[PDB]
Amino acid sequence: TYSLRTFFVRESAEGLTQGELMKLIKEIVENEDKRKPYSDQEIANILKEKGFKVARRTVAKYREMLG
């Protein structure tokens with residue numbers, strides 16, 4: 001009740017909406033870790049994966065929206 005479409009959007013995000021990114025960040029924290037939680041640093045690092053266009057700053061903002 002959420003999954004849809006395929007998965008293949010490495011080179012830059014699909015112009016996703018700010019709202020989509022939110023759930024995206026939270027989704028990443030869906031199965032975080034205690035000794036390796038998806039903190040703003042992590043999620044932010046994830047972006048380095050050459051996927052979405054985030055940033056410690058942006059993540060920080062989201063962190064508050066969810067964290």
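Any read-out appearing in this document is the output of simple, stated calculations on the displayed coordinates, not a laboratory observation. A quick note on method: Cβ atoms are made from the backbone with ideal geometry, for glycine too, and the neighbour counts reach across all protein chains shown.
With θ set to phi - 60° and the Karplus curve 6.51 cos²θ - 1.76 cosθ + 1.60, what are the ³J(HN,Hα) couplings of segment 62-67 in order, to the nearest whole Hz, using x for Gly and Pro?
Coupling constants for segment 62-67: 5, 3, 6, 5, 8, x Hz.
Hey, what do the phi angles of segment 44-55 turn into as Karplus ³J(HN,Hα) couplings, whole Hz, using 6.51/-1.76/1.60 and θ = phi - 60°, x for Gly and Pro?
4, 5, 3, 3, 4, 5, 6, x, 8, 10, 10, 2
Given 0.36 nm per residue, what is the gain on full extension from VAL9 to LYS26 after removing their alpha carbon distance, in nm? Intermediate results must be reported in sequence, preceding the final value.
Details: separation 17, 0.36 × 17 = 6.12 nm, distance 1.81 nm.
Extra length available between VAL9 and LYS26 comes to 4.3 nm.
Modelling each spin label as a point 7 Å along the Cα-to-Cβ direction, I'd like the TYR2/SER39 distance in nm, to one decimal.
Placing both labels 7 Å beyond Cα along the Cβ direction yields 2.4 nm.
Count the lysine pairs in the chain whose Cα atoms sit under 21 Å apart, keeping only pairs 8 or more residues apart in sequence or on different chains.
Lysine pairs meeting the criterion: 18.
Out of all Cα-Cα pairs in segment 6-53, roughly what percent, to the nearest whole number, are more than 17 Å apart?
Details: 371 of 1128 pairs.
For segment 6-53, the share of Cα pairs beyond 17 Å comes to 33 percent.
Per-residue counts of other Cβ atoms within 10 Å, averaged by peptide: what ranking do you get for 13-22, 51-60, highest first? Could the numbers behind the result be given before it?
On the way: 13-22: 12.4, 51-60: 16.1.
The most tightly packed comes first, giving 51-60, 13-22.
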